[PDB]
Amino acid sequence: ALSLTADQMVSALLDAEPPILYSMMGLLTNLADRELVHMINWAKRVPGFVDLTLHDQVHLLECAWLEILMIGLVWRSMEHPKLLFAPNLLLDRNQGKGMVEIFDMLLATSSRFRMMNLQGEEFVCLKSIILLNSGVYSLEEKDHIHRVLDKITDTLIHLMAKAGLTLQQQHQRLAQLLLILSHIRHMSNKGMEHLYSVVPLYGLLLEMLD
Amino acid sequence: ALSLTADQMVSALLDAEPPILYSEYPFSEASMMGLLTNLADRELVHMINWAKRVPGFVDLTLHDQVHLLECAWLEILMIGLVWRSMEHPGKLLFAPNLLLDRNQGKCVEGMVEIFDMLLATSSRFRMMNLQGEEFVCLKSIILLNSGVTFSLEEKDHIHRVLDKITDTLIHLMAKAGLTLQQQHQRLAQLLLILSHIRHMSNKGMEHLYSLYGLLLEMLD
Ligand SMILES: CC/C(=C(\c1ccc(O)cc1)c1ccc(OCCN(C)C)cc1)c1ccccc1
Ligand SMILES: CC/C(=C(\c1ccc(O)cc1)c1ccc(OCCN(C)C)cc1)c1ccccc1
């Protein structure tokens, strides 16, 4: 549950991973939408999430879905200085031409991950963080959510330790990772805003959440 | 000033805080935005001078000083608001003479939701017994991290200062009796409350839509 050990955590999280998908606003809309159905399923497989209410499971996915899509998108693009929406569709920044500076922001985060040589294990933890931490703001599990988040913080450190960083680089990397989550909230917001020139609604979320 | 001990780094930052401002005022209407605009802009002038007092910040080039500040100001004001509101459950302390309960924010369409969010964050800081040293750390962390979407071997610099704060932030926690885990854990918690604040800051902007020249010359 949370009495998972940090290796059991990473084990779970890598196994939770949604498949790889293949295929203009229509392109990316249809694409997001599709990925959005798998995301619902991964959320379920995330340790600690299945513990919350439906009403709360749903709130959380309500609040995080777009950054979960972006940080994903940012991830698979690390190795293509180019956004690789799916193996078969891979756009450059010129191609963004009112969506250009969202792309610019994304390609920033993408290089910053390449620079940081981010790990699939580290990545995978960041995503669970975004799921739980996003909407965490009358007897409560916010307490619970907070516990699961601390588990993951420990899981993150634990990975860095295993990999043989010094205790100082551990707190340091953890920082520059959790800070990129800020950048990502932002691009997500700029995203939401531009999809008023939208949010997967409740009942549907809730019925698939089961 | 890259190398200077955690102790130094804290007092530097603690000793550079803008003054405490007072507001001016015939009971509230949507003339309250004007009221809050005003407070914003005065505060924003002093924030320029605090940016300059933050170690490493003047080392950056003028345009980057501006990029950073342009990108992080409302986020920097909100965290300040939040911070000073911590000792006053249920109300936002705009100025020492302008405590405002959430009810009052409902007198400007779309603001109550921001207010709610702020009061939540203010809660969370109190419940964490966030110390002033840690707050000062996070303010500077917002200045630095928010803009860091830009030769640019200046990013590298920004980053190393940022690590330097991290150290300083850890260092305090260490010195308050905190076991190693509890350190890594609280550090997470604070940096993760930084996301919450950008969110608020963006929400702020949108309902402030529905500047450069000034900051450049003002930053000399
Ligand atoms: C930047 C990529 C993107 C989308 C996207 C991101 C990652 C990914 O893996 C796939 C797509 C995007 C576009 C539309 C969108 O809304 C769909 C509405 N559905 C939920 C009914 C979501 C993401 C987008 C978002 C806002 C504006 C312009 C583009
Ligand atoms: C929530 C507080 C707030 C402002 C504020 C926050 C903290 C603080 O210490 C002082 C004020 C606020 C209001 C207006 C504003 O605009 C300034 C425009 N200038 C920069 C051109 C900035 C902040 C606000 C922001 C957006 C919409 C409604 C209210």
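Chain B is numbered as in Swiss-Prot; shown residues: 307-331, 336-458, 460-461, 468-527, 536-545, in order.
Method of determination (from the header): X-ray crystallography, 3.1 Å.
Heads up, the Cβ atoms here are built off N, Cα and C, so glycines get one too.
Taken from Swiss-Prot, the feature 17beta-estradiol binding site covers B:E353, B:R394, B:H524. Per Swiss-Prot, the feature S-palmitoyl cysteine maps to B:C447; the stated evidence is similarity to another entry. The annotation phosphotyrosine is assigned in Swiss-Prot to B:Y537 on the grounds of experimental evidence.
Sequence features annotated in Swiss-Prot and their locations in the structure.
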residue: B:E353; record: 17beta-estradiol binding site; Cβ contacts under 8 Å, 6 or more apart: B:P324, B:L327, B:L387, B:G390
residue: B:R394; record: 17beta-estradiol binding site; Cβ contacts under 8 Å, 6 or more apart: B:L403
residue: B:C447; record: S-palmitoyl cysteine; Cβ contacts under 8 Å, 6 or more apart: B:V316, B:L319, B:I482, B:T485, B:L486, B:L489
residue: B:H524; record: 17beta-estradiol binding site; Cβ contacts under 8 Å, 6 or more apart: B:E419, B:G420, B:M421, B:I424
residue: B:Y537; record: phosphotyrosine; Cβ contacts under 8 Å, 6 or more apart: B:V376, B:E380
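By a Cβ separation below 8 angstroms, chain A lies close to none of the recorded positions B:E353, B:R394, B:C447, B:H524, B:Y537. Once the 8 unmodelled residues between B:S527 and B:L536 are set aside, the endpoints remain 17 angstrom apart, Cα to Cα. B:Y331 and B:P336 bracket a stretch of 4 residues that the deposited model omits, and the distance between their Cα atoms is 8 Å. Flanking an unmodelled stretch of 6 residues, B:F461 and B:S468 have Cα atoms 11 Å from one another. A Cβ distance below 6 Å to any atom of ligand 2 is met by none of the recorded positions B:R394, B:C447, B:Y537. For the recorded site, B:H524 (17beta-estradiol binding site), the DSSP three-state label reads coil. Under the three-state DSSP scheme, B:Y537 (phosphotyrosine) falls in the helix class.
Of all residue pairs in B:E353, B:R394, B:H524, the annotated binders of 17beta-estradiol, the farthest apart have Cα atoms separated by 23 Å.
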